[PDB]
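What follows is the content of final-v1.cif (mmCIF, C-alpha atoms and all ligand atoms).
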data_work
#
loop_
_atom_site.label_atom_id
_atom_site.label_comp_id
_atom_site.auth_asym_id
_atom_site.auth_seq_id
_atom_site.Cartn_x
_atom_site.Cartn_y
_atom_site.Cartn_z
CA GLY A 2 73.51 258.20 152.22
CA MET A 3 76.86 259.13 153.76
CA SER A 4 78.41 256.10 152.08
CA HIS A 5 76.88 256.49 148.60
CA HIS A 6 79.51 256.66 145.84
CA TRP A 7 77.36 256.75 142.72
CA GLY A 8 77.83 259.48 140.16
CA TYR A 9 77.97 260.07 136.42
CA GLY A 10 81.57 259.09 135.75
CA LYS A 11 82.82 256.06 133.83
CA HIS A 12 83.29 254.03 136.98
CA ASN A 13 80.24 255.03 139.03
CA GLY A 14 77.75 256.08 136.36
CA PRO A 15 74.27 254.82 135.40
CA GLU A 16 75.46 251.40 134.19
CA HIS A 17 76.90 250.74 137.67
CA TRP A 18 73.96 251.86 139.79
CA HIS A 19 72.18 248.51 139.84
CA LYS A 20 74.89 247.01 142.06
CA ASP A 21 73.97 249.22 145.03
CA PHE A 22 70.38 249.88 143.91
CA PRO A 23 68.95 246.73 142.31
CA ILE A 24 65.66 248.50 141.60
CA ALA A 25 67.63 250.14 138.76
CA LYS A 26 66.44 247.17 136.65
CA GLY A 27 62.87 247.41 137.94
CA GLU A 28 59.47 247.52 136.26
CA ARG A 29 58.84 251.27 136.27
CA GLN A 30 62.19 253.01 135.90
CA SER A 31 62.75 256.53 134.56
CA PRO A 32 63.52 258.28 132.35
CA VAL A 33 62.09 256.76 129.18
CA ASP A 34 61.91 257.61 125.52
CA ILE A 35 58.54 259.15 124.70
CA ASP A 36 57.42 257.68 121.38
CA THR A 37 54.94 260.38 120.32
CA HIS A 38 53.15 258.19 117.84
CA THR A 39 52.57 255.38 120.37
CA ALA A 40 51.45 257.62 123.24
CA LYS A 41 47.67 257.76 123.40
CA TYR A 42 45.39 260.72 123.95
CA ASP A 43 43.44 260.18 127.16
CA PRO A 44 40.33 262.44 127.17
CA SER A 45 39.74 261.51 130.82
CA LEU A 46 42.86 263.40 131.92
CA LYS A 47 41.65 266.40 133.94
CA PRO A 48 43.27 269.78 133.24
CA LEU A 49 46.68 270.32 134.85
CA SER A 50 46.77 272.92 137.64
CA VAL A 51 50.07 274.62 138.45
CA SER A 52 49.52 277.07 141.30
CA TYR A 53 52.84 278.77 142.06
CA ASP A 54 51.62 282.28 143.00
CA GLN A 55 52.53 281.88 146.68
CA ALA A 56 55.74 279.93 146.13
CA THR A 57 58.48 280.72 148.65
CA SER A 58 61.99 279.83 147.50
CA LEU A 59 64.64 279.69 150.18
CA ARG A 60 68.01 278.44 149.10
CA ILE A 61 70.03 277.03 146.24
CA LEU A 62 72.37 274.09 146.87
CA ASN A 63 75.07 272.31 144.86
CA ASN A 64 74.60 268.70 146.06
CA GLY A 65 77.41 267.22 143.99
CA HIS A 66 75.03 265.82 141.35
CA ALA A 67 73.07 268.92 140.30
CA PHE A 68 71.87 272.09 142.02
CA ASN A 69 68.55 272.36 143.82
CA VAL A 70 66.49 275.49 144.30
CA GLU A 71 64.57 274.65 147.50
CA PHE A 72 61.17 275.88 148.60
CA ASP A 73 59.28 276.20 151.86
CA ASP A 74 56.94 273.20 151.70
CA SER A 75 55.71 273.39 155.30
CA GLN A 76 52.44 274.83 153.95
CA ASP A 77 50.37 274.57 150.76
CA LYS A 78 51.98 277.50 148.91
CA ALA A 79 53.06 276.14 145.54
CA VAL A 80 51.07 273.12 144.46
CA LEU A 81 50.46 270.89 141.50
CA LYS A 82 47.12 269.12 141.01
CA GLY A 83 44.84 267.91 138.27
CA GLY A 84 46.11 266.11 135.21
CA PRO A 85 46.57 262.42 136.13
CA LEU A 86 46.94 263.30 139.80
CA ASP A 87 44.55 262.59 142.62
CA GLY A 88 45.10 265.00 145.48
CA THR A 89 47.51 267.84 146.12
CA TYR A 90 51.25 267.76 145.51
CA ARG A 91 53.49 270.39 147.10
CA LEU A 92 56.58 271.85 145.41
CA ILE A 93 59.73 271.08 147.39
CA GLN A 94 62.50 271.84 144.88
CA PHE A 95 63.56 272.09 141.28
CA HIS A 96 66.78 271.18 139.54
CA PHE A 97 68.10 270.43 136.07
CA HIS A 98 70.03 267.73 134.21
CA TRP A 99 72.24 268.91 131.33
CA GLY A 100 74.96 267.90 128.93
CA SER A 101 78.51 268.74 127.91
CA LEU A 102 77.13 269.69 124.47
CA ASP A 103 73.83 271.19 123.31
CA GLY A 104 73.04 267.88 121.57
CA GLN A 105 72.52 265.96 124.82
CA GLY A 106 71.54 266.51 128.43
CA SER A 107 67.89 265.64 128.87
CA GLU A 108 66.84 262.44 130.63
CA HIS A 109 63.56 261.87 128.81
CA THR A 110 63.79 261.83 125.04
CA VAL A 111 61.08 262.50 122.44
CA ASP A 112 61.18 260.09 119.49
CA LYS A 113 64.78 259.50 120.56
CA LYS A 114 65.54 263.24 120.39
CA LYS A 115 67.75 264.52 123.21
CA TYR A 116 67.34 268.11 124.41
CA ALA A 117 70.14 270.27 125.86
CA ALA A 118 68.74 269.98 129.37
CA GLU A 119 65.68 269.06 131.39
CA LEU A 120 64.10 270.86 134.32
CA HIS A 121 62.49 268.83 137.10
CA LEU A 122 59.98 270.52 139.43
CA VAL A 123 59.60 268.02 142.27
CA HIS A 124 56.37 267.78 144.27
CA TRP A 125 55.18 265.42 147.00
CA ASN A 126 51.70 264.09 147.77
CA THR A 127 50.43 265.89 150.87
CA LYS A 128 48.45 262.82 151.95
CA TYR A 129 51.79 261.36 153.09
CA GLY A 130 52.78 264.25 155.35
CA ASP A 131 56.39 264.72 154.28
CA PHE A 132 58.76 264.05 151.41
CA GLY A 133 60.57 261.17 153.13
CA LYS A 134 57.37 259.23 153.64
CA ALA A 135 56.08 260.12 150.18
CA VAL A 136 59.05 258.54 148.35
CA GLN A 137 58.11 255.19 149.92
CA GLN A 138 54.74 255.32 148.10
CA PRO A 139 53.85 254.42 144.48
CA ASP A 140 52.02 257.75 144.09
CA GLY A 141 54.25 259.73 146.43
CA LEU A 142 55.77 262.24 144.04
CA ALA A 143 54.81 264.15 140.93
CA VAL A 144 57.68 265.56 138.91
CA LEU A 145 56.94 268.10 136.21
CA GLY A 146 59.59 267.80 133.51
CA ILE A 147 60.32 270.59 131.04
CA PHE A 148 62.78 270.36 128.17
CA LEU A 149 65.33 273.08 127.46
CA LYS A 150 66.58 273.86 123.98
CA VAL A 151 69.27 276.40 123.12
CA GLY A 152 68.15 279.56 121.35
CA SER A 153 66.75 282.76 122.85
CA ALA A 154 67.48 283.40 126.52
CA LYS A 155 64.87 282.60 129.19
CA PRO A 156 64.66 285.85 131.23
CA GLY A 157 63.17 284.04 134.20
CA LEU A 158 66.17 281.74 134.43
CA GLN A 159 68.81 284.46 134.70
CA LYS A 160 68.55 284.88 138.47
CA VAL A 161 69.50 281.22 138.80
CA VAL A 162 72.38 281.55 136.32
CA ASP A 163 73.86 284.51 138.15
CA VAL A 164 73.92 282.86 141.57
CA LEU A 165 75.78 279.74 140.37
CA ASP A 166 79.14 281.47 140.93
CA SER A 167 78.44 281.25 144.67
CA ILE A 168 77.78 277.49 144.68
CA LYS A 169 80.45 276.19 142.33
CA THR A 170 81.34 273.12 144.38
CA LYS A 171 79.65 270.24 146.18
CA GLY A 172 78.13 271.24 149.51
CA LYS A 173 77.92 274.97 148.83
CA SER A 174 74.59 276.72 149.35
CA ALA A 175 73.36 280.30 149.04
CA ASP A 176 70.27 282.19 150.12
CA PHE A 177 67.85 282.24 147.20
CA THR A 178 64.64 283.96 148.17
CA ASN A 179 61.80 285.38 146.13
CA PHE A 180 62.51 283.36 143.02
CA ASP A 181 59.36 282.84 140.93
CA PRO A 182 59.26 279.39 139.28
CA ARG A 183 56.46 280.56 136.98
CA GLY A 184 59.18 282.23 134.92
CA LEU A 185 60.50 278.79 133.89
CA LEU A 186 57.25 277.49 132.33
CA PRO A 187 56.46 277.32 128.62
CA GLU A 188 53.24 278.79 127.22
CA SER A 189 51.41 275.48 126.82
CA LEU A 190 50.74 272.91 129.56
CA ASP A 191 50.14 270.04 127.06
CA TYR A 192 51.86 266.97 128.48
CA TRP A 193 52.65 263.25 128.42
CA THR A 194 52.34 261.24 131.63
CA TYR A 195 53.42 257.81 132.85
CA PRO A 196 54.28 255.98 136.12
CA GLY A 197 57.98 255.94 136.87
CA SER A 198 60.81 256.54 139.31
CA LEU A 199 63.40 258.92 140.66
CA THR A 200 66.09 259.16 137.97
CA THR A 201 68.96 259.07 140.46
CA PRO A 202 69.73 256.60 143.23
CA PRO A 203 67.85 255.37 145.21
CA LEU A 204 65.75 255.11 142.01
CA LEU A 205 62.55 254.60 144.05
CA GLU A 206 59.44 253.85 141.98
CA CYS A 207 57.35 256.61 143.51
CA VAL A 208 56.88 259.12 140.71
CA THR A 209 54.02 260.14 138.47
CA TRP A 210 55.90 261.81 135.62
CA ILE A 211 54.28 264.74 133.82
CA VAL A 212 56.50 265.87 130.91
CA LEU A 213 55.49 269.02 129.01
CA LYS A 214 55.45 268.86 125.22
CA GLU A 215 56.64 272.43 124.73
CA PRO A 216 60.28 273.08 125.59
CA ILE A 217 61.49 276.42 126.89
CA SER A 218 64.40 278.14 125.16
CA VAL A 219 67.52 279.21 127.04
CA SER A 220 70.57 280.94 125.61
CA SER A 221 73.95 279.37 124.94
CA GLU A 222 75.41 281.67 127.62
CA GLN A 223 72.88 280.43 130.16
CA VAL A 224 73.55 276.72 129.68
CA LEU A 225 77.29 277.44 129.41
CA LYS A 226 77.20 278.70 133.01
CA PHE A 227 75.60 275.42 134.16
CA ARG A 228 78.61 273.63 132.67
CA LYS A 229 81.02 275.63 134.81
CA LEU A 230 79.72 274.05 138.00
CA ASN A 231 81.73 271.30 139.72
CA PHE A 232 80.77 267.77 140.87
CA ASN A 233 83.70 267.91 143.30
CA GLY A 234 83.98 269.75 146.57
CA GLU A 235 86.18 272.80 147.09
CA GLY A 236 89.89 272.03 147.21
CA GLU A 237 89.43 268.89 145.13
CA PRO A 238 90.44 268.09 141.53
CA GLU A 239 88.02 269.94 139.27
CA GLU A 240 85.46 267.77 137.51
CA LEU A 241 82.94 269.82 135.55
CA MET A 242 79.31 269.13 136.38
CA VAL A 243 78.16 268.06 132.91
CA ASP A 244 76.21 265.07 131.59
CA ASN A 245 74.45 264.48 134.87
CA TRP A 246 71.61 262.65 133.12
CA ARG A 247 70.49 259.03 133.20
CA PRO A 248 69.72 257.55 129.76
CA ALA A 249 66.32 256.22 128.72
CA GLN A 250 65.24 252.97 130.43
CA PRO A 251 63.00 250.12 129.16
CA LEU A 252 59.33 251.08 129.08
CA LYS A 253 58.31 247.51 129.94
CA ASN A 254 54.64 247.17 130.89
CA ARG A 255 53.67 250.83 130.70
CA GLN A 256 51.68 253.13 128.45
CA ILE A 257 52.44 256.81 128.04
CA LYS A 258 49.29 258.94 127.95
CA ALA A 259 48.98 262.30 126.18
CA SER A 260 46.80 265.14 127.41
CA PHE A 261 46.34 266.42 123.86
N1 LIG A 301 65.61 263.50 139.06
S1 LIG A 301 64.32 263.30 139.98
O1 LIG A 301 63.81 261.99 139.74
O2 LIG A 301 63.45 264.42 139.76
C1 LIG A 301 64.82 263.35 141.68
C2 LIG A 301 64.12 264.13 142.59
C3 LIG A 301 64.54 264.19 143.90
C4 LIG A 301 65.66 263.48 144.33
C5 LIG A 301 66.15 263.59 145.74
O3 LIG A 301 66.00 264.64 146.35
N2 LIG A 301 66.81 262.55 146.27
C6 LIG A 301 66.30 261.18 146.12
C7 LIG A 301 65.45 260.75 147.30
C8 LIG A 301 66.24 260.85 148.60
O4 LIG A 301 67.39 260.01 148.47
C9 LIG A 301 65.41 260.42 149.81
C10 LIG A 301 65.13 259.07 150.04
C11 LIG A 301 64.44 258.67 151.16
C12 LIG A 301 64.00 259.60 152.08
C13 LIG A 301 64.26 260.94 151.87
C14 LIG A 301 64.96 261.34 150.74
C15 LIG A 301 66.74 262.29 148.74
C16 LIG A 301 67.56 262.71 147.53
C17 LIG A 301 66.35 262.70 143.41
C18 LIG A 301 65.94 262.63 142.09
ZN ZN A 302 65.86 265.21 138.09
#

As structure tokens - that is how I would like this structure written.
Ligand SMILES: NS(=O)(=O)c1ccc(C(=O)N2CCC(O)(c3ccccc3)CC2)cc1
Ligand SMILES: [Zn+2]
Amino acid sequence: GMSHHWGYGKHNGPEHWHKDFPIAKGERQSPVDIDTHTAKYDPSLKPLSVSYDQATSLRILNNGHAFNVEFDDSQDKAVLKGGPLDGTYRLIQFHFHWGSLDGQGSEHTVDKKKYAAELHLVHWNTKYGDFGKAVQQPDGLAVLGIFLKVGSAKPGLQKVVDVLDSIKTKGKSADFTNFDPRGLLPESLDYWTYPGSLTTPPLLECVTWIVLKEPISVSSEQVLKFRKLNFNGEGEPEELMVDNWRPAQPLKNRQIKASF
């Protein structure tokens, strides 16, 4: 992807992506608006299992689109299973999408409501051996999405907030060990699930989306720090990393299932 030029600006944003990635207008694109009244309870959905006790974080990277907290996924240490999933999915990284204002920022919406941000915990199906092979499969990834609203601070998020100063610009990375992703989860694991895609180019249709109903609360100071990051690289004109979210896409021939 050394020649990719997509972004979130007026000239390379979501409405332009289809030119280089035609799948942008595909049959199972994400995100989507979750109409809570139309989603149907599916009593066959097995309980969701989030096993992050042995998670091993390694580094945090500003990739020019968001920042990723990466994990060691060379072993089954932090896995997601159950719910609508068949098999074991290993945590590889998490990142967020956020806005320039508290009134926008999330990718998925709930009855058209936009949250201040959205956390994506990305996992890949171990039956495919590695992440690169998994994204070529319809059931290759499972992304656990969690909404963020502004209110009380999330103590478990502070370690991330404080390290952002070291990765202000595109390409910067910093050691980020011993971070516990369990501190970013809400109390309830009630969720909505549907078949979708990566929300950024290449927009591959390889994701089983599991979006939690309960948002976590973060403080204004915490999200404000996210907005101080840069899309640009060091020594380049400063462009604040804000509004790095793709808007809701057509649901088309899909049904959103609720676990509750
Ligand atoms: N917001 S999202 O849908 O949760 C998401 C998750 C991961 C990525 C990601 O890491 N990308 C996309 C896939 C990627 O382009 C790729 C493609 C093919 C092989 C290996 C990696 C690598 C970069 C992008 C978006
Ligand atoms: Zn994402």

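Atom pair CA of residue 116 in chain A / CA of residue 150 in chain A has a distance of 5.8 Å (rounded to one decimal).
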
Please identify all protein, DNA and RNA residues within 9 Å of ligand ZN 302 (chain A), counting all atoms listed in the file, and report them as number ranges by chain. A: 67, 95-98, 108, 119-123, 144, 146, 199-201, 246

So which one's closest to ligand LIG 301 (chain A), A:205, A:252, A:242, A:165? Using all atoms listed in the file, please. A:205

Report, as AutoDock Vina command-line options, the centre and edge lengths in Å (one decimal) of the axis-aligned box enclosing every listed atom of ligand LIG 301 (chain A), padded by 3 Å on each side.
--center_x 65.5 --center_y 261.7 --center_z 145.6 --size_x 10.1 --size_y 12.0 --size_z 19.0

Within 10 Å of residue 171 in chain A, counting all atoms listed in the file, which residues show up once you throw out same-chain ones fewer than 5 positions away? Write them as a list in words, please. residues 62, 63, 64, 65, 66, 67, 68, 230, 231, 232, 233, 234, 235, 237 and 242 of chain A

Would you pick out the contacts of residue 258 in chain A at 8 Å or less, using all atoms listed in the file, so that residues sharing its chain but fewer than 6 positions from it are not included, and give the list as an mmCIF file with C-alpha atoms, in the frame of the given file?
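Listed below is the output, result-v2.cif:
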data_model
loop_
_atom_site.group_PDB
_atom_site.id
_atom_site.type_symbol
_atom_site.label_atom_id
_atom_site.label_comp_id
_atom_site.auth_asym_id
_atom_site.auth_seq_id
_atom_site.Cartn_x
_atom_site.Cartn_y
_atom_site.Cartn_z
ATOM 1 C CA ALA A 40 51.450 257.620 123.240
ATOM 2 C CA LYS A 41 47.670 257.760 123.400
ATOM 3 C CA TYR A 42 45.390 260.720 123.950
ATOM 4 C CA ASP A 43 43.440 260.180 127.160
ATOM 5 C CA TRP A 193 52.650 263.250 128.420
ATOM 6 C CA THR A 194 52.340 261.240 131.630
ATOM 7 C CA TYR A 195 53.420 257.810 132.850
#

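Each of A:215, A:166, A:131, A:77 was checked against ligand LIG 301 (chain A) using all atoms listed in the file; the smallest atom-to-atom distance is that of A:131.
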
Pick the closest to residue 177 in chain A from A:28, A:94, A:257, A:84: which is it, counting all atoms listed in the file? A:94

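Excluding range 132-143 of chain A itself and same-chain residues fewer than 5 positions from it, the residues having an atom within 6 Å of it are residues 124, 125, 126, 207, 208, 209 and 210 of chain A, counting all atoms listed in the file.
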
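Here the question is which of A:181, A:163, A:188, A:206 gets nearest to residue 222 in chain A using all atoms listed in the file, and that residue is A:163.
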
Using all atoms listed in the file, the best pick from A:21, A:37, A:162, A:83 as closest to residue 8 in chain A would be A:21

For CA of residue 19 in chain A and CA of residue 245 in chain A, determine how far apart the two atoms are, in Å to one decimal place. 16.9 Å

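Note that CA of residue 69 in chain A and CA of residue 212 in chain A are 18.8 Å apart.
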
Start from the incomplete input, build N, CA, C and O atoms for range 81-100 of chain A, and deliver everything as a short mmCIF file (atom, residue, chain, number, x, y, z; two decimals), in the frame of the given file.
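Final file, selection.cif:
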data_model
loop_
_atom_site.label_atom_id
_atom_site.label_comp_id
_atom_site.auth_asym_id
_atom_site.auth_seq_id
_atom_site.Cartn_x
_atom_site.Cartn_y
_atom_site.Cartn_z
N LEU A 81 50.79 271.45 142.78
CA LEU A 81 50.46 270.89 141.50
C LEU A 81 49.29 269.93 141.75
O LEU A 81 49.31 269.16 142.73
N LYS A 82 48.27 270.01 140.91
CA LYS A 82 47.12 269.12 141.01
C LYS A 82 46.50 268.96 139.64
O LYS A 82 46.95 269.57 138.67
N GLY A 83 45.47 268.12 139.55
CA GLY A 83 44.84 267.91 138.27
C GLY A 83 45.65 266.97 137.39
O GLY A 83 46.52 266.25 137.88
N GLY A 84 45.39 267.00 136.09
CA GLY A 84 46.11 266.11 135.21
C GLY A 84 45.77 264.68 135.60
O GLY A 84 44.60 264.35 135.78
N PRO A 85 46.78 263.81 135.75
CA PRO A 85 46.57 262.42 136.13
C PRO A 85 46.56 262.25 137.65
O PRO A 85 46.32 261.16 138.16
N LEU A 86 46.84 263.34 138.35
CA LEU A 86 46.94 263.30 139.80
C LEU A 86 45.65 263.34 140.59
O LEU A 86 44.69 264.00 140.22
N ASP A 87 45.66 262.60 141.69
CA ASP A 87 44.55 262.59 142.62
C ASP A 87 45.17 263.26 143.84
O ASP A 87 46.23 262.83 144.32
N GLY A 88 44.56 264.33 144.32
CA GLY A 88 45.10 265.00 145.48
C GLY A 88 45.95 266.22 145.18
O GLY A 88 45.97 266.74 144.05
N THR A 89 46.66 266.66 146.20
CA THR A 89 47.51 267.84 146.12
C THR A 89 48.97 267.49 146.31
O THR A 89 49.32 266.76 147.24
N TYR A 90 49.82 268.00 145.43
CA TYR A 90 51.25 267.76 145.51
C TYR A 90 51.95 269.09 145.72
O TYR A 90 51.74 270.04 144.97
N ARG A 91 52.80 269.16 146.74
CA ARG A 91 53.49 270.39 147.10
C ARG A 91 54.91 270.48 146.54
O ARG A 91 55.68 269.52 146.63
N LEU A 92 55.25 271.64 145.97
CA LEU A 92 56.58 271.85 145.41
C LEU A 92 57.63 271.91 146.51
O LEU A 92 57.52 272.71 147.45
N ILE A 93 58.66 271.08 146.40
CA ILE A 93 59.73 271.08 147.39
C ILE A 93 61.03 271.62 146.79
O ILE A 93 61.79 272.29 147.48
N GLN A 94 61.27 271.35 145.51
CA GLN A 94 62.50 271.84 144.88
C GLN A 94 62.48 271.65 143.40
O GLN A 94 61.64 270.91 142.87
N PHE A 95 63.37 272.35 142.70
CA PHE A 95 63.56 272.09 141.28
C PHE A 95 65.05 272.04 141.01
O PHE A 95 65.87 272.60 141.76
N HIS A 96 65.40 271.32 139.95
CA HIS A 96 66.78 271.18 139.54
C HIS A 96 66.77 270.84 138.06
O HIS A 96 65.71 270.65 137.47
N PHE A 97 67.96 270.75 137.49
CA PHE A 97 68.10 270.43 136.07
C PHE A 97 69.10 269.29 135.88
O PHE A 97 69.86 268.94 136.79
N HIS A 98 69.07 268.72 134.68
CA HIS A 98 70.03 267.73 134.21
C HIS A 98 70.47 268.33 132.87
O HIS A 98 69.62 268.80 132.09
N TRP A 99 71.77 268.32 132.57
CA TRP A 99 72.24 268.91 131.33
C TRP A 99 73.46 268.21 130.78
O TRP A 99 74.06 267.35 131.45
N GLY A 100 73.84 268.57 129.55
CA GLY A 100 74.96 267.90 128.93
C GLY A 100 76.24 268.71 128.79
O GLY A 100 76.33 269.84 129.25
#
